[PDB]
$ cat final-v2.txt   # compact mmCIF, N, CA and C atoms
# COMPACT_ATOMS: atom_id res chain seq x y z
N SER A 1856 33.67 52.69 45.09
CA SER A 1856 32.65 51.76 44.57
C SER A 1856 33.18 51.29 43.22
N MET A 1857 32.34 50.61 42.43
CA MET A 1857 32.69 50.14 41.09
C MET A 1857 33.22 51.14 40.09
N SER A 1858 34.48 50.92 39.62
CA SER A 1858 35.19 51.89 38.78
C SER A 1858 35.46 53.30 39.48
N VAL A 1859 35.44 53.32 40.79
CA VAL A 1859 35.67 54.58 41.55
C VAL A 1859 36.58 54.26 42.70
N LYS A 1860 37.86 54.61 42.53
CA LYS A 1860 38.88 54.25 43.53
C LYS A 1860 39.60 55.42 44.09
N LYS A 1861 39.80 55.47 45.41
CA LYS A 1861 40.78 56.39 46.04
C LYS A 1861 42.17 56.20 45.41
N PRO A 1862 43.01 57.24 45.41
CA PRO A 1862 44.41 57.12 44.91
C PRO A 1862 45.22 55.97 45.59
N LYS A 1863 46.03 55.24 44.79
CA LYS A 1863 46.77 54.02 45.28
C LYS A 1863 47.97 54.36 46.22
N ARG A 1864 47.75 54.31 47.54
CA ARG A 1864 48.84 54.19 48.56
C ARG A 1864 49.92 53.10 48.24
N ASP A 1865 51.18 53.51 48.27
CA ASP A 1865 52.29 52.61 47.93
C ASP A 1865 52.48 51.67 49.12
N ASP A 1866 52.20 50.40 48.90
CA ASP A 1866 52.25 49.39 49.96
C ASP A 1866 53.39 48.40 49.73
N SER A 1867 54.26 48.70 48.76
CA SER A 1867 55.27 47.74 48.29
C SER A 1867 56.43 47.52 49.29
N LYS A 1868 56.63 48.49 50.18
CA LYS A 1868 57.60 48.40 51.28
C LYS A 1868 57.05 47.90 52.64
N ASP A 1869 55.78 47.60 52.68
CA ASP A 1869 55.13 47.26 53.97
C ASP A 1869 55.76 46.01 54.60
N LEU A 1870 55.99 44.96 53.79
CA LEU A 1870 56.56 43.68 54.25
C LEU A 1870 57.90 43.88 54.92
N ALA A 1871 58.76 44.61 54.25
CA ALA A 1871 60.04 44.95 54.79
C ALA A 1871 60.01 45.81 56.01
N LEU A 1872 59.16 46.81 56.01
CA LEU A 1872 59.08 47.67 57.18
C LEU A 1872 58.44 46.93 58.47
N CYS A 1873 57.41 46.11 58.25
CA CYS A 1873 56.86 45.26 59.37
C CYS A 1873 57.98 44.31 59.93
N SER A 1874 58.78 43.73 59.03
CA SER A 1874 59.95 42.92 59.43
C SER A 1874 60.96 43.69 60.30
N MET A 1875 61.24 44.94 59.95
CA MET A 1875 62.13 45.74 60.74
C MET A 1875 61.57 46.09 62.08
N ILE A 1876 60.30 46.49 62.12
CA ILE A 1876 59.64 46.71 63.39
C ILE A 1876 59.70 45.45 64.32
N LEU A 1877 59.44 44.29 63.73
CA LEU A 1877 59.35 43.03 64.43
C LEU A 1877 60.75 42.73 64.97
N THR A 1878 61.81 42.96 64.14
CA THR A 1878 63.22 42.85 64.61
C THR A 1878 63.51 43.69 65.82
N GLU A 1879 63.04 44.92 65.81
CA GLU A 1879 63.28 45.81 66.91
C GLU A 1879 62.52 45.35 68.16
N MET A 1880 61.32 44.82 67.98
CA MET A 1880 60.59 44.25 69.13
C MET A 1880 61.30 42.99 69.67
N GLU A 1881 61.75 42.10 68.78
CA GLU A 1881 62.49 40.92 69.16
C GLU A 1881 63.76 41.18 69.98
N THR A 1882 64.43 42.28 69.71
CA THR A 1882 65.71 42.59 70.34
C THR A 1882 65.56 43.55 71.54
N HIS A 1883 64.37 44.03 71.85
CA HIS A 1883 64.13 44.82 73.05
C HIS A 1883 64.36 43.96 74.30
N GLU A 1884 64.94 44.56 75.34
CA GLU A 1884 65.23 43.79 76.54
C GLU A 1884 64.03 43.25 77.27
N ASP A 1885 62.89 43.90 77.15
CA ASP A 1885 61.67 43.44 77.72
C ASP A 1885 60.82 42.48 76.83
N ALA A 1886 61.40 41.96 75.78
CA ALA A 1886 60.70 41.08 74.88
C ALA A 1886 60.58 39.63 75.43
N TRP A 1887 61.41 39.29 76.44
CA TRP A 1887 61.55 37.88 76.89
C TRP A 1887 60.22 37.16 77.20
N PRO A 1888 59.18 37.85 77.75
CA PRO A 1888 57.95 37.05 77.93
C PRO A 1888 57.23 36.64 76.68
N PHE A 1889 57.64 37.25 75.54
CA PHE A 1889 56.85 37.26 74.29
C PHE A 1889 57.55 36.56 73.13
N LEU A 1890 58.77 36.11 73.32
CA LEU A 1890 59.57 35.58 72.22
C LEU A 1890 59.06 34.24 71.67
N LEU A 1891 58.49 33.41 72.57
CA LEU A 1891 58.04 32.05 72.24
C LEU A 1891 56.65 31.83 72.70
N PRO A 1892 55.91 30.89 72.07
CA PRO A 1892 54.60 30.57 72.61
C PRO A 1892 54.62 30.16 74.10
N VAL A 1893 53.60 30.59 74.85
CA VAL A 1893 53.42 30.17 76.23
C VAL A 1893 53.22 28.66 76.21
N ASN A 1894 53.89 27.96 77.13
CA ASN A 1894 53.86 26.49 77.14
C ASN A 1894 52.53 26.05 77.80
N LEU A 1895 51.61 25.61 76.98
CA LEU A 1895 50.26 25.31 77.42
C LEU A 1895 50.16 24.07 78.31
N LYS A 1896 51.18 23.22 78.28
CA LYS A 1896 51.29 22.09 79.22
C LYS A 1896 51.75 22.57 80.58
N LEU A 1897 52.58 23.61 80.65
CA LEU A 1897 53.22 23.98 81.90
C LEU A 1897 52.65 25.18 82.56
N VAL A 1898 51.65 25.86 81.95
CA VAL A 1898 51.12 27.10 82.58
C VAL A 1898 49.67 26.87 82.76
N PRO A 1899 49.30 26.50 84.00
CA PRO A 1899 47.90 26.33 84.36
C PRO A 1899 47.06 27.51 84.00
N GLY A 1900 45.91 27.24 83.43
CA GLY A 1900 44.94 28.31 83.15
C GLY A 1900 45.05 28.85 81.73
N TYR A 1901 46.25 28.77 81.14
CA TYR A 1901 46.51 29.61 79.91
C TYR A 1901 45.69 29.14 78.75
N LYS A 1902 45.66 27.81 78.61
CA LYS A 1902 44.93 27.22 77.49
C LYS A 1902 43.44 27.58 77.46
N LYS A 1903 42.80 27.49 78.61
CA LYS A 1903 41.36 27.75 78.70
C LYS A 1903 41.02 29.22 78.66
N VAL A 1904 41.86 30.02 79.28
CA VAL A 1904 41.55 31.42 79.34
C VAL A 1904 41.90 32.21 78.08
N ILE A 1905 43.02 31.89 77.44
CA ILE A 1905 43.54 32.77 76.31
C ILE A 1905 43.15 32.08 75.05
N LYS A 1906 42.10 32.58 74.44
CA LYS A 1906 41.50 31.87 73.32
C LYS A 1906 42.39 31.90 72.06
N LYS A 1907 43.19 32.96 71.91
CA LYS A 1907 44.04 33.11 70.76
C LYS A 1907 45.47 33.46 71.16
N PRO A 1908 46.26 32.47 71.51
CA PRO A 1908 47.66 32.72 71.91
C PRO A 1908 48.43 33.30 70.74
N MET A 1909 49.32 34.25 71.05
CA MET A 1909 50.19 34.84 69.99
C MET A 1909 51.48 35.24 70.66
N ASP A 1910 52.57 35.19 69.90
CA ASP A 1910 53.91 35.48 70.37
C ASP A 1910 54.74 35.97 69.15
N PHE A 1911 55.92 36.55 69.42
CA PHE A 1911 56.74 37.12 68.36
C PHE A 1911 57.23 36.09 67.36
N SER A 1912 57.60 34.88 67.80
CA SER A 1912 58.09 33.85 66.88
C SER A 1912 57.04 33.38 65.87
N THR A 1913 55.80 33.32 66.32
CA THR A 1913 54.66 32.92 65.54
C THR A 1913 54.34 34.05 64.56
N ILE A 1914 54.44 35.28 65.01
CA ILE A 1914 54.24 36.43 64.08
C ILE A 1914 55.35 36.38 63.03
N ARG A 1915 56.59 36.11 63.45
CA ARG A 1915 57.70 36.08 62.51
C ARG A 1915 57.51 35.00 61.41
N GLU A 1916 57.03 33.84 61.79
CA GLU A 1916 56.81 32.75 60.85
C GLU A 1916 55.62 33.10 59.88
N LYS A 1917 54.53 33.68 60.42
CA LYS A 1917 53.40 34.11 59.61
C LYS A 1917 53.91 35.20 58.60
N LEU A 1918 54.73 36.12 59.06
CA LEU A 1918 55.22 37.19 58.21
C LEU A 1918 56.06 36.64 57.01
N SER A 1919 56.99 35.76 57.34
CA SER A 1919 57.87 35.13 56.42
C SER A 1919 57.24 34.20 55.39
N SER A 1920 56.03 33.74 55.62
CA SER A 1920 55.37 32.79 54.81
C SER A 1920 54.10 33.36 54.14
N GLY A 1921 53.97 34.70 54.10
CA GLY A 1921 52.82 35.35 53.42
C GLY A 1921 51.53 35.10 53.99
N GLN A 1922 51.47 34.98 55.31
CA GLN A 1922 50.14 34.79 55.95
C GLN A 1922 49.48 36.10 56.48
N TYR A 1923 50.18 37.23 56.37
CA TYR A 1923 49.52 38.56 56.56
C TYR A 1923 49.08 39.20 55.21
N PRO A 1924 47.77 39.31 55.02
CA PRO A 1924 47.32 39.93 53.76
C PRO A 1924 47.61 41.42 53.70
N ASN A 1925 47.74 42.10 54.84
CA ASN A 1925 48.07 43.52 54.80
C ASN A 1925 48.65 43.97 56.15
N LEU A 1926 49.12 45.21 56.22
CA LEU A 1926 49.79 45.66 57.46
C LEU A 1926 48.81 45.72 58.67
N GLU A 1927 47.49 45.87 58.48
CA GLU A 1927 46.57 45.85 59.60
C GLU A 1927 46.43 44.48 60.29
N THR A 1928 46.49 43.40 59.53
CA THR A 1928 46.38 42.09 60.10
C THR A 1928 47.66 41.85 60.90
N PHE A 1929 48.80 42.39 60.46
CA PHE A 1929 50.06 42.28 61.21
C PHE A 1929 49.92 42.99 62.56
N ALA A 1930 49.46 44.25 62.55
CA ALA A 1930 49.27 45.03 63.81
C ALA A 1930 48.27 44.37 64.79
N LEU A 1931 47.26 43.71 64.26
CA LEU A 1931 46.28 43.00 65.09
C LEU A 1931 46.95 41.85 65.90
N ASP A 1932 47.82 41.08 65.27
CA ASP A 1932 48.57 40.01 65.96
C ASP A 1932 49.55 40.56 66.98
N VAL A 1933 50.28 41.65 66.65
CA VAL A 1933 51.14 42.25 67.61
C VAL A 1933 50.32 42.70 68.86
N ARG A 1934 49.21 43.42 68.64
CA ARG A 1934 48.40 43.92 69.75
C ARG A 1934 47.82 42.74 70.54
N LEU A 1935 47.48 41.61 69.87
CA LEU A 1935 46.96 40.43 70.51
C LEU A 1935 47.96 39.91 71.55
N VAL A 1936 49.25 40.01 71.24
CA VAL A 1936 50.30 39.57 72.17
C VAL A 1936 50.13 40.40 73.51
N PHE A 1937 49.89 41.70 73.39
CA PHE A 1937 49.82 42.54 74.59
C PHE A 1937 48.51 42.51 75.34
N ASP A 1938 47.44 42.37 74.60
CA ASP A 1938 46.13 42.12 75.13
C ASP A 1938 46.04 40.81 75.86
N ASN A 1939 46.61 39.76 75.31
CA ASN A 1939 46.73 38.49 76.06
C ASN A 1939 47.51 38.67 77.35
N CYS A 1940 48.64 39.33 77.24
CA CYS A 1940 49.50 39.57 78.41
C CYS A 1940 48.70 40.29 79.54
N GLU A 1941 47.90 41.29 79.18
CA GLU A 1941 47.12 42.02 80.17
C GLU A 1941 46.00 41.17 80.78
N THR A 1942 45.39 40.32 79.96
CA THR A 1942 44.40 39.37 80.42
C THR A 1942 44.93 38.40 81.53
N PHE A 1943 46.16 37.96 81.43
CA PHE A 1943 46.70 36.94 82.30
C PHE A 1943 47.64 37.40 83.41
N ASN A 1944 48.15 38.62 83.32
CA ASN A 1944 49.21 39.08 84.22
C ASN A 1944 48.76 40.37 84.91
N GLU A 1945 49.10 40.43 86.18
CA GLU A 1945 48.84 41.64 86.96
C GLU A 1945 49.71 42.79 86.37
N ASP A 1946 49.11 43.97 86.26
CA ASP A 1946 49.91 45.22 85.93
C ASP A 1946 51.22 45.36 86.78
N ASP A 1947 51.16 44.98 88.05
CA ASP A 1947 52.28 45.11 88.96
C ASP A 1947 53.05 43.77 89.10
N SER A 1948 53.64 43.35 87.99
CA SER A 1948 54.45 42.12 87.87
C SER A 1948 55.47 42.47 86.85
N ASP A 1949 56.58 41.76 86.82
CA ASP A 1949 57.54 42.00 85.79
C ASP A 1949 56.95 41.79 84.38
N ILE A 1950 56.15 40.75 84.18
CA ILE A 1950 55.65 40.44 82.85
C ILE A 1950 54.61 41.47 82.49
N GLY A 1951 53.79 41.86 83.46
CA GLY A 1951 52.72 42.85 83.25
C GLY A 1951 53.30 44.20 82.78
N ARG A 1952 54.40 44.61 83.40
CA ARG A 1952 55.11 45.82 83.07
C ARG A 1952 55.81 45.71 81.70
N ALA A 1953 56.40 44.53 81.43
CA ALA A 1953 57.00 44.24 80.12
C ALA A 1953 55.97 44.50 79.02
N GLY A 1954 54.77 44.02 79.23
CA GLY A 1954 53.73 44.13 78.22
C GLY A 1954 53.31 45.53 77.94
N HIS A 1955 53.16 46.33 79.01
CA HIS A 1955 52.87 47.76 78.81
C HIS A 1955 53.97 48.49 78.12
N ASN A 1956 55.25 48.22 78.48
CA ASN A 1956 56.37 48.85 77.84
C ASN A 1956 56.48 48.50 76.33
N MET A 1957 56.32 47.21 76.03
CA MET A 1957 56.40 46.74 74.64
C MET A 1957 55.27 47.30 73.74
N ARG A 1958 54.10 47.41 74.28
CA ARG A 1958 52.99 47.96 73.55
C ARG A 1958 53.25 49.44 73.19
N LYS A 1959 53.63 50.21 74.22
CA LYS A 1959 54.12 51.57 73.98
C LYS A 1959 55.19 51.68 72.94
N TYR A 1960 56.27 50.90 73.04
CA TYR A 1960 57.29 50.86 72.07
C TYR A 1960 56.78 50.57 70.63
N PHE A 1961 55.90 49.56 70.51
CA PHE A 1961 55.38 49.15 69.22
C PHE A 1961 54.53 50.30 68.59
N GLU A 1962 53.68 50.92 69.40
CA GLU A 1962 52.72 51.85 68.90
C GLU A 1962 53.41 53.12 68.38
N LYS A 1963 54.52 53.50 69.01
CA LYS A 1963 55.34 54.58 68.50
C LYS A 1963 55.98 54.25 67.15
N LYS A 1964 56.62 53.10 67.05
CA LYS A 1964 57.23 52.68 65.80
C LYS A 1964 56.20 52.59 64.70
N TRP A 1965 54.99 52.17 65.05
CA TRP A 1965 53.92 51.98 64.08
C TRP A 1965 53.49 53.35 63.46
N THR A 1966 53.16 54.30 64.32
CA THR A 1966 52.84 55.67 63.99
C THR A 1966 53.95 56.34 63.21
N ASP A 1967 55.19 56.27 63.70
CA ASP A 1967 56.30 56.87 63.00
C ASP A 1967 56.60 56.28 61.66
N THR A 1968 56.36 54.98 61.48
CA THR A 1968 56.67 54.35 60.23
C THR A 1968 55.56 54.55 59.18
N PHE A 1969 54.30 54.60 59.59
CA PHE A 1969 53.16 54.47 58.68
C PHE A 1969 52.13 55.64 58.73
N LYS A 1970 52.08 56.46 59.78
CA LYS A 1970 51.05 57.53 59.91
C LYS A 1970 51.67 58.94 59.78
$ encode --input "final-v2.txt" --output "structure tokens"
Amino acid sequence: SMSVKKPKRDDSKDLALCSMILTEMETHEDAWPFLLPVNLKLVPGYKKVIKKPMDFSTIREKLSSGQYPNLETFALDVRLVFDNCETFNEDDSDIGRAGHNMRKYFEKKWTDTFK
């Protein structure tokens, strides 16, 4: 509350560490469905169904231009990529499986880096 603060967690490395995580996600072999925005002209249904499209390139640009106020807003966009993927793709599809694998991969790196 006013004049009463928890001890200051060092957040000065967060930008760099989120960048490294994002690099590792970008270079994973199963990243291919997620590297670029879904083409809303060429994929029937996507525009109407997925209210908040997100992809790794868009996260990378937001990261690089100071549009994440903290590491939680960064994790929310990453998870949005996988939540969207589950909304639109069957679990038993190459893309559906990619999304589960990438989410697992991300969540481990997240825990190991920050928790």
$ atom_distance --input "final-v2.txt" --atom1 "CA of residue 1934 (chain A)" --atom2 "CA of residue 1883 (chain A)"
16.1 Å
$ closest_residue --input "final-v2.txt" --among "A:1915, A:1958, A:1943, A:1924" --to "residue 1877 (chain A)" --atoms "all atoms listed in the file"
A:1915
$ closest_atom_pairs --input "final-v2.txt" --of "region 1877-1947 of chain A" --to "region 1951-1954 of chain A" --cutoff "6 Å" --atoms "all atoms listed in the file" --output "JSON lines"
{"residue": "A:1885", "atom": "CA", "partner": "A:1953", "partner_atom": "CA", "distance": 5.3}
{"residue": "A:1937", "atom": "CA", "partner": "A:1954", "partner_atom": "CA", "distance": 5.6}
{"residue": "A:1944", "atom": "C", "partner": "A:1951", "partner_atom": "CA", "distance": 5.0}
{"residue": "A:1945", "atom": "C", "partner": "A:1951", "partner_atom": "CA", "distance": 4.3}
{"residue": "A:1946", "atom": "CA", "partner": "A:1951", "partner_atom": "CA", "distance": 4.5}
{"residue": "A:1947", "atom": "N", "partner": "A:1951", "partner_atom": "CA", "distance": 5.5}
$ atom_distance --input "final-v2.txt" --atom1 "CA of residue 1906 (chain A)" --atom2 "CA of residue 1933 (chain A)"
15.3 Å
$ atom_distance --input "final-v2.txt" --atom1 "atom C of residue 1876 (chain A)" --atom2 "atom C of residue 1912 (chain A)"
12.5 Å
$ select_by_dssp --input "final-v2.txt" --residues "chain A" --states "helix (DSSP H, G or I)" --output "number ranges by chain"
A: 1869-1882, 1884-1889, 1901-1904, 1911-1919, 1926-1943, 1949-1969
$ residues_around --input "final-v2.txt" --residues "residue 1925 (chain A)" --least-positions-apart "5" --cutoff "8 Å" --atoms "only N, CA and C atoms" --output "short mmCIF file (atom, residue, chain, number, x, y, z; two decimals) with N, CA and C atoms, keeping the file's coordinate frame"
data_model
loop_
_atom_site.label_atom_id
_atom_site.label_comp_id
_atom_site.auth_asym_id
_atom_site.auth_seq_id
_atom_site.Cartn_x
_atom_site.Cartn_y
_atom_site.Cartn_z
N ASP A 1869 55.78 47.60 52.68
CA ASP A 1869 55.13 47.26 53.97
C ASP A 1869 55.76 46.01 54.60
N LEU A 1870 55.99 44.96 53.79
CA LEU A 1870 56.56 43.68 54.25
C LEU A 1870 57.90 43.88 54.92
N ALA A 1930 49.46 44.25 62.55
CA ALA A 1930 49.27 45.03 63.81
C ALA A 1930 48.27 44.37 64.79
#
$ residues_around --input "final-v2.txt" --residues "residue 1890 (chain A)" --least-positions-apart "6" --cutoff "8 Å" --atoms "only C-alpha atoms" --output "list in words"
residues 1881, 1910, 1911 and 1912 of chain A
$ residues_around --input "final-v2.txt" --residues "residue 1913 (chain A)" --least-positions-apart "4" --cutoff "8 Å" --atoms "only N, CA and C atoms" --output "ChimeraX atom specification"
/A:1889-1892,1909,1917-1919
$ axis_aligned_box --input "final-v2.txt" --around "region 1864-1877 of chain A" --padding-each-side "6 Å" --output "AutoDock Vina command-line options"
--center_x 54.9 --center_y 48.5 --center_z 56.3 --size_x 26.4 --size_y 23.6 --size_z 29.4
$ closest_residue --input "final-v2.txt" --among "A:1935, A:1856, A:1872, A:1879" --to "residue 1907 (chain A)" --atoms "all atoms listed in the file"
A:1935
$ closest_residue --input "final-v2.txt" --among "A:1940, A:1867, A:1897, A:1965" --to "residue 1927 (chain A)" --atoms "only C-alpha atoms"
A:1965
